[PDB]
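Next up, query29.cif (mmCIF, N, CA, C and O atoms and all ligand atoms):
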data_model
#
loop_
_atom_site.label_atom_id
_atom_site.label_comp_id
_atom_site.auth_asym_id
_atom_site.auth_seq_id
_atom_site.Cartn_x
_atom_site.Cartn_y
_atom_site.Cartn_z
N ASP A 1 7.83 54.74 -12.35
CA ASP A 1 7.37 54.36 -11.02
C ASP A 1 8.45 53.64 -10.23
O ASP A 1 9.49 53.23 -10.83
N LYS A 2 8.23 53.43 -8.95
CA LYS A 2 9.27 52.97 -8.03
C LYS A 2 9.12 51.51 -7.66
O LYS A 2 9.96 50.98 -6.90
N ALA A 3 8.10 50.86 -8.18
CA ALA A 3 7.85 49.45 -7.96
C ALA A 3 7.12 48.88 -9.18
O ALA A 3 6.45 49.58 -9.90
N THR A 4 7.33 47.57 -9.39
CA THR A 4 6.63 46.81 -10.38
C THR A 4 5.81 45.71 -9.70
O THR A 4 5.98 45.41 -8.53
N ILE A 5 4.88 45.15 -10.45
CA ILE A 5 3.81 44.33 -9.93
C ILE A 5 3.84 42.95 -10.59
O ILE A 5 3.36 42.81 -11.72
N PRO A 6 4.38 41.94 -9.92
CA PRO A 6 4.45 40.61 -10.55
C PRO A 6 3.13 39.89 -10.70
O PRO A 6 3.05 38.95 -11.55
N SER A 7 2.13 40.22 -9.95
CA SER A 7 0.79 39.61 -9.99
C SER A 7 -0.25 40.73 -9.84
O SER A 7 -0.45 41.26 -8.74
N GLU A 8 -0.93 41.09 -10.91
CA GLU A 8 -1.90 42.16 -10.83
C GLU A 8 -2.99 41.86 -9.81
O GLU A 8 -3.44 42.74 -9.09
N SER A 9 -3.43 40.61 -9.83
CA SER A 9 -4.51 40.14 -8.96
C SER A 9 -3.92 39.46 -7.72
O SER A 9 -2.78 39.01 -7.74
N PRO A 10 -4.71 39.29 -6.67
CA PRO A 10 -4.24 38.43 -5.58
C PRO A 10 -4.02 37.02 -6.11
O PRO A 10 -4.71 36.55 -7.04
N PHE A 11 -3.07 36.32 -5.45
CA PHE A 11 -2.82 34.94 -5.83
C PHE A 11 -2.75 34.06 -4.59
O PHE A 11 -2.67 34.54 -3.43
N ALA A 12 -2.74 32.75 -4.78
CA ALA A 12 -2.75 31.84 -3.65
C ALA A 12 -1.45 31.92 -2.84
O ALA A 12 -0.36 31.87 -3.35
N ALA A 13 -1.59 31.93 -1.50
CA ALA A 13 -0.47 31.90 -0.62
C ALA A 13 0.40 30.67 -0.89
O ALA A 13 1.61 30.74 -0.71
N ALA A 14 -0.17 29.55 -1.30
CA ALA A 14 0.59 28.34 -1.59
C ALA A 14 1.59 28.54 -2.72
O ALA A 14 2.54 27.74 -2.83
N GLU A 15 1.41 29.57 -3.57
CA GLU A 15 2.31 29.86 -4.69
C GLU A 15 3.29 30.97 -4.39
O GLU A 15 3.99 31.45 -5.33
N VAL A 16 3.43 31.37 -3.12
CA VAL A 16 4.47 32.38 -2.81
C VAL A 16 5.81 31.81 -3.19
O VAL A 16 6.11 30.69 -2.77
N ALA A 17 6.62 32.59 -3.87
CA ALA A 17 7.94 32.15 -4.23
C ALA A 17 8.77 31.48 -3.13
O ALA A 17 8.62 31.21 -1.94
N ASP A 18 9.89 31.10 -3.71
CA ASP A 18 11.13 30.62 -3.15
C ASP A 18 11.72 31.60 -2.16
O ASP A 18 12.04 32.75 -2.53
N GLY A 19 11.84 31.22 -0.88
CA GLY A 19 12.35 32.04 0.20
C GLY A 19 11.87 33.48 0.23
O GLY A 19 12.51 34.38 0.81
N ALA A 20 10.71 33.77 -0.36
CA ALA A 20 10.13 35.09 -0.46
C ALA A 20 10.17 35.99 0.74
O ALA A 20 10.00 35.42 1.87
N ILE A 21 10.33 37.30 0.62
CA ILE A 21 10.17 38.23 1.77
C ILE A 21 8.72 38.52 2.05
O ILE A 21 8.01 39.08 1.23
N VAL A 22 8.18 38.00 3.13
CA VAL A 22 6.77 37.97 3.42
C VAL A 22 6.39 38.90 4.60
O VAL A 22 7.05 38.88 5.64
N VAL A 23 5.32 39.63 4.44
CA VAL A 23 4.64 40.39 5.50
C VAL A 23 3.26 39.77 5.71
O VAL A 23 2.40 39.83 4.81
N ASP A 24 3.06 39.14 6.85
CA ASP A 24 1.78 38.56 7.18
C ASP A 24 0.83 39.67 7.70
O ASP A 24 1.28 40.63 8.32
N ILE A 25 -0.47 39.47 7.46
CA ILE A 25 -1.53 40.34 7.94
C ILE A 25 -2.46 39.55 8.83
O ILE A 25 -3.01 38.53 8.40
N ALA A 26 -2.60 39.95 10.10
CA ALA A 26 -3.46 39.23 11.02
C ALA A 26 -3.84 40.16 12.16
O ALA A 26 -3.05 41.08 12.49
N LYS A 27 -5.00 39.95 12.77
CA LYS A 27 -5.44 40.76 13.93
C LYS A 27 -5.39 42.23 13.61
O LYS A 27 -4.99 43.05 14.43
N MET A 28 -5.80 42.59 12.40
CA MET A 28 -5.92 43.98 12.02
C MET A 28 -4.56 44.69 12.04
O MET A 28 -4.51 45.92 12.26
N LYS A 29 -3.47 44.00 11.77
CA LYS A 29 -2.14 44.58 11.75
C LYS A 29 -1.31 43.92 10.64
O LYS A 29 -1.41 42.72 10.37
N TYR A 30 -0.42 44.73 10.08
CA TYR A 30 0.70 44.20 9.31
C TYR A 30 1.73 43.70 10.33
O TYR A 30 2.16 44.48 11.20
N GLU A 31 2.13 42.43 10.28
CA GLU A 31 2.90 41.83 11.38
C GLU A 31 4.35 42.34 11.38
O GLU A 31 4.98 42.30 12.42
N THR A 32 4.87 42.75 10.23
CA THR A 32 6.21 43.35 10.11
C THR A 32 6.02 44.75 9.58
O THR A 32 6.19 45.00 8.37
N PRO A 33 5.61 45.70 10.45
CA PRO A 33 5.25 47.03 9.96
C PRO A 33 6.42 47.95 9.62
O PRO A 33 6.17 49.00 9.05
N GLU A 34 7.62 47.56 9.93
CA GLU A 34 8.79 48.28 9.46
C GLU A 34 9.77 47.28 8.84
O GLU A 34 10.58 46.65 9.51
N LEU A 35 9.63 47.06 7.54
CA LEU A 35 10.35 46.01 6.85
C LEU A 35 11.53 46.63 6.12
O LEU A 35 11.35 47.58 5.35
N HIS A 36 12.73 46.10 6.35
CA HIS A 36 13.93 46.56 5.65
C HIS A 36 14.29 45.54 4.55
O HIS A 36 14.47 44.38 4.79
N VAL A 37 14.39 46.05 3.33
CA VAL A 37 14.79 45.27 2.14
C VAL A 37 15.86 46.05 1.39
O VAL A 37 16.21 47.17 1.76
N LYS A 38 16.36 45.48 0.30
CA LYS A 38 17.34 46.10 -0.57
C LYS A 38 16.68 46.37 -1.92
O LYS A 38 15.71 45.73 -2.35
N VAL A 39 17.30 47.32 -2.64
CA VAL A 39 16.88 47.62 -4.01
C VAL A 39 16.87 46.32 -4.82
O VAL A 39 17.89 45.57 -4.82
N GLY A 40 15.77 46.08 -5.50
CA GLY A 40 15.53 44.94 -6.30
C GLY A 40 14.70 43.83 -5.67
O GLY A 40 14.25 42.92 -6.35
N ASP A 41 14.49 43.90 -4.34
CA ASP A 41 13.74 42.88 -3.64
C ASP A 41 12.23 42.98 -3.92
O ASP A 41 11.66 44.04 -4.10
N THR A 42 11.60 41.78 -3.88
CA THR A 42 10.15 41.65 -3.93
C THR A 42 9.61 41.36 -2.54
O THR A 42 10.10 40.48 -1.84
N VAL A 43 8.61 42.13 -2.16
CA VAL A 43 7.87 41.95 -0.90
C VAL A 43 6.53 41.34 -1.25
O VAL A 43 5.86 41.78 -2.17
N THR A 44 6.12 40.32 -0.46
CA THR A 44 4.83 39.68 -0.63
C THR A 44 4.05 39.80 0.67
O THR A 44 4.51 39.32 1.71
N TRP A 45 2.88 40.40 0.61
CA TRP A 45 1.94 40.43 1.72
C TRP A 45 1.01 39.23 1.60
O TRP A 45 0.60 38.88 0.48
N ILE A 46 0.71 38.62 2.72
CA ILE A 46 -0.23 37.48 2.76
C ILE A 46 -1.24 37.76 3.85
O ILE A 46 -0.89 37.95 5.02
N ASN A 47 -2.52 37.79 3.48
CA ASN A 47 -3.58 37.94 4.46
C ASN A 47 -3.81 36.61 5.13
O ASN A 47 -4.13 35.61 4.46
N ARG A 48 -3.65 36.54 6.46
CA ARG A 48 -3.83 35.31 7.22
C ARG A 48 -5.16 35.20 7.87
O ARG A 48 -5.40 34.19 8.53
N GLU A 49 -6.05 36.15 7.71
CA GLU A 49 -7.34 36.14 8.43
C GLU A 49 -8.49 36.40 7.46
O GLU A 49 -8.33 36.77 6.32
N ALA A 50 -9.67 36.13 8.00
CA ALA A 50 -10.91 36.24 7.21
C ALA A 50 -11.20 37.67 6.78
O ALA A 50 -11.72 37.91 5.67
N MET A 51 -10.99 38.66 7.65
CA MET A 51 -11.24 40.04 7.31
C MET A 51 -10.42 40.43 6.08
O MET A 51 -9.19 40.23 6.13
N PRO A 52 -11.00 40.98 5.03
CA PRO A 52 -10.18 41.37 3.87
C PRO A 52 -9.31 42.58 4.19
O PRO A 52 -9.65 43.43 5.01
N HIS A 53 -8.18 42.63 3.50
CA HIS A 53 -7.21 43.73 3.63
C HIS A 53 -6.58 44.01 2.26
O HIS A 53 -6.68 43.19 1.36
N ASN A 54 -5.85 45.10 2.14
CA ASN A 54 -4.99 45.32 0.98
C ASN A 54 -3.76 46.11 1.46
O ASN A 54 -3.56 46.27 2.68
N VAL A 55 -2.96 46.56 0.50
CA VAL A 55 -1.93 47.55 0.74
C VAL A 55 -2.22 48.72 -0.23
O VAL A 55 -2.58 48.52 -1.38
N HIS A 56 -1.97 49.94 0.26
CA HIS A 56 -2.31 51.17 -0.43
C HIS A 56 -1.23 52.19 -0.16
O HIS A 56 -0.99 52.56 0.98
N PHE A 57 -0.60 52.64 -1.23
CA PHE A 57 0.45 53.67 -1.20
C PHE A 57 -0.14 54.93 -1.81
O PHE A 57 -0.67 54.87 -2.93
N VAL A 58 -0.14 56.05 -1.08
CA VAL A 58 -0.82 57.24 -1.57
C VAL A 58 -0.10 57.84 -2.76
O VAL A 58 1.03 57.51 -3.10
N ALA A 59 -0.81 58.78 -3.43
CA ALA A 59 -0.27 59.42 -4.61
C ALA A 59 1.10 60.01 -4.33
O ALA A 59 1.32 60.63 -3.29
N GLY A 60 2.03 59.80 -5.28
CA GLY A 60 3.37 60.29 -5.18
C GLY A 60 4.34 59.30 -4.59
O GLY A 60 5.53 59.43 -4.80
N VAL A 61 3.90 58.31 -3.86
CA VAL A 61 4.82 57.44 -3.13
C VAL A 61 5.57 56.47 -4.06
O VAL A 61 6.80 56.37 -4.01
N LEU A 62 4.79 55.73 -4.86
CA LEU A 62 5.40 54.79 -5.80
C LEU A 62 5.24 55.25 -7.24
O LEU A 62 5.81 54.62 -8.14
N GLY A 63 4.49 56.29 -7.50
CA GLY A 63 4.27 56.79 -8.82
C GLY A 63 3.45 58.08 -8.70
O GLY A 63 3.17 58.57 -7.61
N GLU A 64 3.09 58.62 -9.88
CA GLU A 64 2.30 59.88 -9.90
C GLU A 64 0.96 59.77 -9.21
O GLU A 64 0.48 60.74 -8.65
N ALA A 65 0.35 58.60 -9.28
CA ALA A 65 -0.93 58.29 -8.70
C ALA A 65 -0.75 57.31 -7.54
O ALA A 65 0.30 56.68 -7.36
N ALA A 66 -1.78 57.15 -6.75
CA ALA A 66 -1.81 56.13 -5.73
C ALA A 66 -1.67 54.73 -6.32
O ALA A 66 -2.12 54.48 -7.46
N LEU A 67 -1.08 53.82 -5.58
CA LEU A 67 -1.06 52.39 -5.90
C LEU A 67 -1.97 51.73 -4.88
O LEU A 67 -1.67 51.60 -3.70
N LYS A 68 -3.14 51.38 -5.33
CA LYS A 68 -4.13 50.74 -4.49
C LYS A 68 -4.15 49.25 -4.82
O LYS A 68 -4.64 48.88 -5.90
N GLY A 69 -3.62 48.43 -3.93
CA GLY A 69 -3.57 47.02 -4.19
C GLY A 69 -4.91 46.40 -4.18
O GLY A 69 -5.87 46.95 -3.63
N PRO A 70 -5.07 45.21 -4.76
CA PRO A 70 -6.36 44.55 -4.77
C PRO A 70 -6.77 44.02 -3.41
O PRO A 70 -5.90 43.69 -2.58
N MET A 71 -8.08 43.90 -3.20
CA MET A 71 -8.59 43.27 -1.99
C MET A 71 -8.10 41.85 -1.87
O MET A 71 -8.20 41.07 -2.85
N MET A 72 -7.57 41.47 -0.74
CA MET A 72 -7.02 40.15 -0.42
C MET A 72 -7.88 39.44 0.61
O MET A 72 -8.07 39.98 1.72
N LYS A 73 -8.36 38.28 0.26
CA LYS A 73 -9.08 37.42 1.16
C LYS A 73 -8.10 36.54 1.95
O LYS A 73 -6.87 36.57 1.73
N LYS A 74 -8.63 35.71 2.83
CA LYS A 74 -7.80 34.81 3.64
C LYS A 74 -6.94 33.94 2.74
O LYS A 74 -7.41 33.32 1.77
N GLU A 75 -5.67 33.83 3.08
CA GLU A 75 -4.66 33.04 2.36
C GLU A 75 -4.46 33.50 0.92
O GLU A 75 -4.05 32.72 0.06
N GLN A 76 -4.68 34.78 0.66
CA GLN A 76 -4.32 35.40 -0.59
C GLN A 76 -3.12 36.32 -0.37
O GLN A 76 -2.92 36.92 0.69
N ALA A 77 -2.31 36.44 -1.44
CA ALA A 77 -1.07 37.13 -1.48
C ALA A 77 -1.02 38.18 -2.56
O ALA A 77 -1.73 38.10 -3.57
N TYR A 78 -0.13 39.16 -2.39
CA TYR A 78 0.09 40.22 -3.35
C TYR A 78 1.50 40.73 -3.19
O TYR A 78 1.98 40.88 -2.06
N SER A 79 2.21 41.01 -4.29
CA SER A 79 3.59 41.36 -4.28
C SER A 79 3.91 42.71 -4.95
O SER A 79 3.24 43.12 -5.91
N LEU A 80 4.98 43.34 -4.50
CA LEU A 80 5.56 44.50 -5.15
C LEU A 80 7.08 44.33 -5.15
O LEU A 80 7.68 43.91 -4.17
N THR A 81 7.71 44.73 -6.27
CA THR A 81 9.15 44.68 -6.44
C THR A 81 9.65 46.13 -6.41
O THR A 81 9.29 46.92 -7.27
N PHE A 82 10.51 46.45 -5.44
CA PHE A 82 11.00 47.81 -5.19
C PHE A 82 12.32 48.05 -5.90
O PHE A 82 13.28 47.33 -5.60
N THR A 83 12.38 49.06 -6.74
CA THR A 83 13.58 49.32 -7.53
C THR A 83 14.31 50.59 -7.19
O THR A 83 15.32 50.88 -7.88
N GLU A 84 13.90 51.36 -6.18
CA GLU A 84 14.55 52.58 -5.83
C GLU A 84 14.68 52.74 -4.34
O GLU A 84 13.71 52.50 -3.59
N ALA A 85 15.83 53.12 -3.86
CA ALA A 85 16.04 53.29 -2.41
C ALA A 85 15.13 54.38 -1.90
O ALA A 85 14.91 55.39 -2.58
N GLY A 86 14.63 54.19 -0.68
CA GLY A 86 13.75 55.17 -0.09
C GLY A 86 12.89 54.45 0.95
O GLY A 86 13.05 53.26 1.17
N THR A 87 12.00 55.23 1.58
CA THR A 87 11.06 54.63 2.55
C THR A 87 9.67 54.88 2.00
O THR A 87 9.33 56.04 1.69
N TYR A 88 8.87 53.84 1.94
CA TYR A 88 7.56 53.85 1.31
C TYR A 88 6.52 53.40 2.33
O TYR A 88 6.44 52.21 2.65
N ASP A 89 5.74 54.35 2.83
CA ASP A 89 4.67 54.05 3.75
C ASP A 89 3.44 53.56 3.01
O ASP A 89 3.18 53.96 1.87
N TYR A 90 2.63 52.75 3.68
CA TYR A 90 1.38 52.26 3.13
C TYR A 90 0.36 52.05 4.26
O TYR A 90 0.71 52.08 5.45
N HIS A 91 -0.88 51.87 3.85
CA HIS A 91 -1.94 51.57 4.79
C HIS A 91 -2.92 50.64 4.09
O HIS A 91 -2.85 50.37 2.91
N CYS A 92 -3.94 50.20 4.83
CA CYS A 92 -5.00 49.38 4.29
C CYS A 92 -6.16 50.28 3.87
O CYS A 92 -6.65 51.08 4.69
N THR A 93 -6.60 50.23 2.64
CA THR A 93 -7.74 51.05 2.19
C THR A 93 -8.93 50.87 3.11
O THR A 93 -9.63 51.85 3.44
N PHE A 94 -9.22 49.64 3.48
CA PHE A 94 -10.42 49.35 4.27
C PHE A 94 -10.30 49.88 5.67
O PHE A 94 -11.28 50.29 6.29
N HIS A 95 -9.08 49.83 6.20
CA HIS A 95 -8.75 50.10 7.60
C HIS A 95 -7.54 50.99 7.67
O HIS A 95 -6.43 50.52 7.94
N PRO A 96 -7.67 52.30 7.40
CA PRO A 96 -6.50 53.12 7.21
C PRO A 96 -5.60 53.27 8.45
O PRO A 96 -4.42 53.62 8.33
N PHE A 97 -6.13 53.00 9.63
CA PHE A 97 -5.37 52.99 10.84
C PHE A 97 -4.28 51.87 10.83
O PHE A 97 -3.37 51.96 11.63
N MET A 98 -4.44 50.86 9.97
CA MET A 98 -3.44 49.82 9.78
C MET A 98 -2.36 50.35 8.83
O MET A 98 -2.66 50.62 7.67
N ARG A 99 -1.15 50.50 9.35
CA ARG A 99 -0.06 51.12 8.59
C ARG A 99 1.19 50.27 8.66
O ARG A 99 1.45 49.54 9.61
N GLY A 100 2.01 50.43 7.62
CA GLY A 100 3.32 49.84 7.55
C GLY A 100 4.22 50.66 6.70
O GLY A 100 3.81 51.66 6.09
N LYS A 101 5.49 50.23 6.59
CA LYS A 101 6.42 50.88 5.68
C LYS A 101 7.43 49.84 5.21
O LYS A 101 7.76 48.89 5.90
N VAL A 102 7.93 50.09 4.00
CA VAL A 102 9.04 49.35 3.40
C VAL A 102 10.22 50.32 3.29
O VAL A 102 10.11 51.33 2.60
N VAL A 103 11.30 49.98 3.94
CA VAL A 103 12.53 50.73 3.89
C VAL A 103 13.49 50.01 2.93
O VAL A 103 13.94 48.90 3.22
N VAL A 104 13.72 50.63 1.78
CA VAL A 104 14.52 50.04 0.69
C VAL A 104 15.88 50.69 0.70
O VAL A 104 16.01 51.89 0.49
N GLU A 105 16.90 49.89 0.98
CA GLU A 105 18.28 50.34 1.07
C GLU A 105 19.05 50.06 -0.19
O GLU A 105 19.89 50.88 -0.55
CU CU B 201 -7.39 46.09 6.46
NA NA B 202 4.40 36.88 12.46
#
So that I can check it, write out the structure of this file as structure tokens.
Ligand SMILES: [Cu+]
Ligand code: NA
Amino acid sequence: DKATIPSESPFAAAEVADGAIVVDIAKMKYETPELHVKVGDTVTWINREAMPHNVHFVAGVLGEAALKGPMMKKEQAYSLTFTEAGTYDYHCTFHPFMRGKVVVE
């Protein structure tokens, strides 16, 4: 697969790492919908609002099957570590019109 998962479950936003690369979720949008990172970087999404959200990569994008992230409540976080260059689109399972991408250089 093209990413690894440091926290299977959502975790508290207060425990986001050291200078972490963060994508905030608010107002039904990923706030940084075109994020550029490098191979080896970890991206952390943080839901800033009451409406639950997740991140969802369709089958084939990060592995043979879809990567459906866990439901994230307000001030919950979820991370993925990208190990291969490429562009990886995602959406919110609950709200598929909400889209973003990670561009890994
Ligand atoms: Cu959503
Ligand atoms: Na912002």
Pull the closest atom pair for each residue of chain A that gets at most 12 Å from ligand NA 202 (chain B), along with the distance in Å to one decimal, counting only C-alpha atoms and all ligand atoms, ordering rows by chain and then ascending residue number, as a Markdown table.
| residue | atom | partner | partner_atom | distance |
| --- | --- | --- | --- | --- |
| A:22 | CA | B:NA202 | NA | 9.4 |
| A:23 | CA | B:NA202 | NA | 7.8 |
| A:24 | CA | B:NA202 | NA | 6.1 |
| A:25 | CA | B:NA202 | NA | 8.2 |
| A:26 | CA | B:NA202 | NA | 8.3 |
| A:27 | CA | B:NA202 | NA | 10.7 |
| A:29 | CA | B:NA202 | NA | 10.1 |
| A:30 | CA | B:NA202 | NA | 8.8 |
| A:31 | CA | B:NA202 | NA | 5.3 |
| A:32 | CA | B:NA202 | NA | 7.1 |
| A:33 | CA | B:NA202 | NA | 10.5 |
| A:45 | CA | B:NA202 | NA | 11.6 |
| A:46 | CA | B:NA202 | NA | 10.8 |
| A:47 | CA | B:NA202 | NA | 11.3 |
| A:48 | CA | B:NA202 | NA | 9.9 |
Computed interatomic separation between atom N of residue 75 (chain A) and atom O of residue 63 (chain A) (Å): 28.4 Å
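Shortest atom-to-atom contact with ligand CU 201 (chain B) among A:21, A:98, A:16, A:3: A:98, counting only C-alpha atoms and all ligand atoms.
For ligand CU 201 (chain B), the neighbouring protein, DNA and RNA residues, which are those within 5 Å when all atoms listed in the file are counted, are residues 52, 53, 54, 92, 94 and 95 of chain A.
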Those selected residues, please, written with N, CA, C and O atoms and delivered as a PDB file, in the frame of the given file.
ATOM      1  N   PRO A  52     -11.000  40.980   5.030  1.00  0.00           N
ATOM      2  CA  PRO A  52     -10.180  41.370   3.870  1.00  0.00           C
ATOM      3  C   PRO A  52      -9.310  42.580   4.190  1.00  0.00           C
ATOM      4  O   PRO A  52      -9.650  43.430   5.010  1.00  0.00           O
ATOM      5  N   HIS A  53      -8.180  42.630   3.500  1.00  0.00           N
ATOM      6  CA  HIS A  53      -7.210  43.730   3.630  1.00  0.00           C
ATOM      7  C   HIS A  53      -6.580  44.010   2.260  1.00  0.00           C
ATOM      8  O   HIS A  53      -6.680  43.190   1.360  1.00  0.00           O
ATOM      9  N   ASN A  54      -5.850  45.100   2.140  1.00  0.00           N
ATOM     10  CA  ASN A  54      -4.990  45.320   0.980  1.00  0.00           C
ATOM     11  C   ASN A  54      -3.760  46.110   1.460  1.00  0.00           C
ATOM     12  O   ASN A  54      -3.560  46.270   2.680  1.00  0.00           O
ATOM     13  N   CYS A  92      -3.940  50.200   4.830  1.00  0.00           N
ATOM     14  CA  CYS A  92      -5.000  49.380   4.290  1.00  0.00           C
ATOM     15  C   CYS A  92      -6.160  50.280   3.870  1.00  0.00           C
ATOM     16  O   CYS A  92      -6.650  51.080   4.690  1.00  0.00           O
ATOM     17  N   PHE A  94      -9.220  49.640   3.480  1.00  0.00           N
ATOM     18  CA  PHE A  94     -10.420  49.350   4.270  1.00  0.00           C
ATOM     19  C   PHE A  94     -10.300  49.880   5.670  1.00  0.00           C
ATOM     20  O   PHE A  94     -11.280  50.290   6.290  1.00  0.00           O
ATOM     21  N   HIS A  95      -9.080  49.830   6.200  1.00  0.00           N
ATOM     22  CA  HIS A  95      -8.750  50.100   7.600  1.00  0.00           C
ATOM     23  C   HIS A  95      -7.540  50.990   7.670  1.00  0.00           C
ATOM     24  O   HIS A  95      -6.430  50.520   7.940  1.00  0.00           O
TER      25      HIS A  95
END
Please provide as a PDB file with N, CA, C and O atoms, in the coordinates of the input all residues within 8 Å of residue 62 (chain A), with the sequence filter that same-chain residues fewer than 6 positions apart are discarded (counting all atoms listed in the file).
ATOM      1  N   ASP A   1       7.830  54.740 -12.350  1.00  0.00           N
ATOM      2  CA  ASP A   1       7.370  54.360 -11.020  1.00  0.00           C
ATOM      3  C   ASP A   1       8.450  53.640 -10.230  1.00  0.00           C
ATOM      4  O   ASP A   1       9.490  53.230 -10.830  1.00  0.00           O
ATOM      5  N   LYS A   2       8.230  53.430  -8.950  1.00  0.00           N
ATOM      6  CA  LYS A   2       9.270  52.970  -8.030  1.00  0.00           C
ATOM      7  C   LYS A   2       9.120  51.510  -7.660  1.00  0.00           C
ATOM      8  O   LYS A   2       9.960  50.980  -6.900  1.00  0.00           O
ATOM      9  N   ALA A   3       8.100  50.860  -8.180  1.00  0.00           N
ATOM     10  CA  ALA A   3       7.850  49.450  -7.960  1.00  0.00           C
ATOM     11  C   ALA A   3       7.120  48.880  -9.180  1.00  0.00           C
ATOM     12  O   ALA A   3       6.450  49.580  -9.900  1.00  0.00           O
ATOM     13  N   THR A   4       7.330  47.570  -9.390  1.00  0.00           N
ATOM     14  CA  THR A   4       6.630  46.810 -10.380  1.00  0.00           C
ATOM     15  C   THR A   4       5.810  45.710  -9.700  1.00  0.00           C
ATOM     16  O   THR A   4       5.980  45.410  -8.530  1.00  0.00           O
ATOM     17  N   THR A  87      12.000  55.230   1.580  1.00  0.00           N
ATOM     18  CA  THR A  87      11.060  54.630   2.550  1.00  0.00           C
ATOM     19  C   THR A  87       9.670  54.880   2.000  1.00  0.00           C
ATOM     20  O   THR A  87       9.330  56.040   1.690  1.00  0.00           O
ATOM     21  N   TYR A  88       8.870  53.840   1.940  1.00  0.00           N
ATOM     22  CA  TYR A  88       7.560  53.850   1.310  1.00  0.00           C
ATOM     23  C   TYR A  88       6.520  53.400   2.330  1.00  0.00           C
ATOM     24  O   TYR A  88       6.440  52.210   2.650  1.00  0.00           O
ATOM     25  N   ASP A  89       5.740  54.350   2.830  1.00  0.00           N
ATOM     26  CA  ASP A  89       4.670  54.050   3.750  1.00  0.00           C
ATOM     27  C   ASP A  89       3.440  53.560   3.010  1.00  0.00           C
ATOM     28  O   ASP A  89       3.180  53.960   1.870  1.00  0.00           O
TER      29      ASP A  89
END
